[PDB]
Every structure is written in structure tokens, then in C-alpha cells.
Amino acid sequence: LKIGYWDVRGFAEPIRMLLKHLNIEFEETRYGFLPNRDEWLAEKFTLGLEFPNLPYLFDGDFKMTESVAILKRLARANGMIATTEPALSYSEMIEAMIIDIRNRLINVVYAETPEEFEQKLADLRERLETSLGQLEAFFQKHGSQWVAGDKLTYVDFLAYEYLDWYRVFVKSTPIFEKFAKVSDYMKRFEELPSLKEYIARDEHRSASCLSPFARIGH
């Protein structure tokens, strides 16, 4: 069981967290980087990936890419995903929403002045405020401990990680504190006795969220 990705959190961290939570031992290739992409581009087309990319998964003799596709494959094989409706519908609805919140950040900090950049960052905070508002309302309405319900599933791993990025390097912590249930949700994930330790370790705490090719997050 092997995972490949840059030596950062990035799109692979939710997967790293799922396995850590599940106590499943796995091996890693943390490609490093003035910085370049040569450590990865050396192995890129030699790994038998049908659509070479990062992160990539070696699962026995099976191989695949796409961060969310990988996370769910593992979740299914470990009972970490909703298998019934409407729970599963909620999961994939929030999945898509959490990935929209992530990509708005990605598309900004990976694009082609300094005061226009901060402008685009302040816009991400306003859209975030909105999103967390609707999300606060969702926890209030259903009263579920987690996204899909009372049990932890893959969607919560995507949620915590990509919403945390905003706290780390988008100065969004005060926006999280505005909403009571969302702030306790994040705190609950951190306090997960299964993950409480890994999250504290150098791998997650002191590591960069994004590659140095992003204008921020490193």
C-alpha cells in the first residue's frame, strides 16, 4: 500500500489522515523540489498510472490517481462511508461543496499586482463566511455529530483539512469563531483520539499546506 505526493499536506492529507485514523500502515513517496518539479517528473510516466498525477495510489496491484477518488475507494474498503440514503446523498453534496471551497483558494494562489491578490483573498473570506453560514445552519438543522450523521466518514476528512487551509494561511480563524457548531465540529475532529496525535506531529502541524509554487501556503 503506497501513496505518492509532494512533501506537503495538499490534496493527499485527507487520505493520509484516513489511514492514520484507521491504523492502516502505509508507505509513502514524498517528492521534494531554487525549487523544481524534477523529482516527480522523473517518475511521472514510469509508475504505470493511466492518468499520471498527484496524489497516486498503489493498492496491491491496483493503481489510480485523483485525490477524492482515492479517499473514497479506501473508505468503502474500511466502512468509512455512508451506504444508505439520504446519508450518502448528503455526503456527496457536501463533498462537492467542500471541493468548491477548496478550489476557489487553489485557483487564486496558483494563477498567473500585490493589492489585487489581497483583493482576491478578501473575496475568498467573504465567500467563506457565506459557506460556513449555510454549513452552520446544516448542523443546527440535523444535529448530527458529523457531516453524514453520527459516524465519521471520508467527507469529514475533506472538510476539516480544506477548511483548515483557510485558517492556516487565509486568516479565516475569526470567521470560524463566528459560527458555534462549525467551530466545535473542527475542534471535534482535532480531538479525535484516533487522530489527535498525528495532527500534532511534525507531519501535519509543521508541514506546508501547499507546494512552494503557490504564492502562499508554504
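Residue positions are given as counts along the sequence shown, with the first one as 1.
In the deposited entry, the stretch joining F58 to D59 is continuous, with no residue of the deposited sequence left without coordinates.
Per the record, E112 and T113 are separated by 1 to 3 deposited residues that are missing from the model. Comparing 11-19 with 204-212, the higher mean C-alpha B-factor in the PDB entry belongs to 204-212. 88-96 and 142-150 differ in mean CA B-factor, and the higher of the two is recorded for 142-150. Highest C-alpha temperature factor among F157, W165, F51, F26 per the entry: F26.
Per the deposited record, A137 carries the highest C-alpha B-factor of all listed residues (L124, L74, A137, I106).
Ranked by C-alpha B-factor against the other modelled residues of its chain, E190 falls in the highest third. Annotation for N36: CA B-factor lies in the highest third of the chain's modelled residues. Among the modelled residues of its chain, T46 has a C-alpha B-factor that falls in the middle third, as given in the PDB entry. When the CA B factors of the chain's modelled residues are split into thirds, the value for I175 lands in the middle one. Per the deposited record, the Cα B-factor of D184 falls in the highest third when ranked against the other modelled residues of its chain.
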